[PDB]
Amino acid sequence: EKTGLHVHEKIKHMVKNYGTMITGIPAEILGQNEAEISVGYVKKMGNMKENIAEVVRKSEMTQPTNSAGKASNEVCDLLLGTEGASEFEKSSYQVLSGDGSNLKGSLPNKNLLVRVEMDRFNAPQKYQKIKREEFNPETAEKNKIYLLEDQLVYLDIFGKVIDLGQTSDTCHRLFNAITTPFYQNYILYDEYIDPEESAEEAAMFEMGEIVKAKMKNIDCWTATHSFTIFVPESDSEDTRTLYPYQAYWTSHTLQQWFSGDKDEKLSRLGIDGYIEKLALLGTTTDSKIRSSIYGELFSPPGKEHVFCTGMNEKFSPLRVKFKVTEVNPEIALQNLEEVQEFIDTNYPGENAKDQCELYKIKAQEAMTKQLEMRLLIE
């Protein structure tokens, strides 16, 4: 039956069971592509046949992507169809308001797909004095202020050198006033600096005021995570439930998300409960709170309490952006049925596990033949 709840069950079952085969890439093509981008790693000395087997055994080629944006595009493609997804991609995002009300208020009882984009706020906290000959923008620390003898620049998060509109003489005065070794590479807005105490503190304070005014009306948000939320139509008001779908870059796949049942775990928060956490992620200014919620919502299953600690603590402000569109269950289930037909026609088996094994064996054989094509008896 073409209902939204069946769409959720079907997409979850297929992704959980078939992983990378959801993409519809024939195994022989997957292996030939992997061979082309792995041939440089085959050892050049010794038994070439065994050197090639080593590389094929170590290949990760049947693991699905962990790109969050690619998982979201796969979801939108399956649920909306290729043309409907391209229309969805063109529509605008809206920033989640303080309490999440604009998302809560935009979920009528229809089959709805929400696409979410998370942004991180970038603003410099550190400065360094540097000589021009030593300043290499392609290797220097990004999101940092650099004071040169004749220029004040901001090296942004993308690697652009942004001049901050200071005269050569003004920078010369700041450059030569900051003399203490510890203050050559330091933080911008020290709360203890007293501009009345020394010309060095006066210069550090003045540079801080210059940077602050130049960043005042600057909006440097950059995207940091992507996911989707499926909200099927329900018969009653209090049975309405949402199901977030995600991969996380370098962390986990959509298949692992479903295998760990984290879509169902988060659905038990309820629509109001989930959105309130998402909204608090944007309004909190406590990095421990921010990190804890980020982990609860977005970590790989079972890693909620370690995902955002230490080097991954969420120190910068975050914002949530979202867009909503309606899902036609007939379109979604037809797209999922065509993926199933590709799998069943080309990789038959008694169960999904056997079909995945067959797909993997055929990709490995194809990778072996393509590598031997390039390397065996030349």
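So that there is no doubt, residue numbering starts at 1 and follows the sequence shown.
Review point. Quick one: higher average CA temperature factor, 222-230 or 276-284?
Key: 276-284 has the higher mean C-alpha B-factor.
Practice item. On mean C-alpha B-factor from the PDB entry, just flag whether 163-171 or 256-264 is the higher one. Key: If you average the C-alpha B-factors of 163-171 and of 256-264, the larger mean comes out for 163-171.
Check your understanding: Hey, out of 117, 304, 77, 206, whose CA B-factor is highest in the deposited coordinates?
Key -> Highest C-alpha B-factor among the listed options: 206.
**Study point:** Residue selected from 293, 242, 193, 103 by maximal Cα B factor
**Key:** Highest C-alpha B-factor among the listed residues goes to 193.
Check your understanding: How does residue 157 rank on Cα B-factor within its chain, lowest, middle or highest third?
Key -> Highest third of the chain for residue 157's C-alpha B-factor.
Exercise for review: Grab the CA temperature factor for residue 246 from the record and place it in the lowest, middle or highest third of its chain.
Suggested key: According to the entry, residue 246 has a C-alpha B-factor in the chain's lowest third.
Point to revise | Where the record places residue 6 (Cα B-factor, split into thirds across the chain) | key: Middle third - that is where residue 6 ends up once the chain's C-alpha B-factors are sorted.
Exercise for review: Tell me, lowest, middle or highest third: where does the Cα B factor of residue 335 rank within its chain?
Suggested key: Lowest third, going by the recorded CA B-factors of the chain.
Practice item. Using the B-factors in the PDB entry, rank residue 56's C-alpha atom against the chain and give the third, lowest, middle or highest. Key: Ranked within chain, residue 56 CA B lands in the middle tercile.
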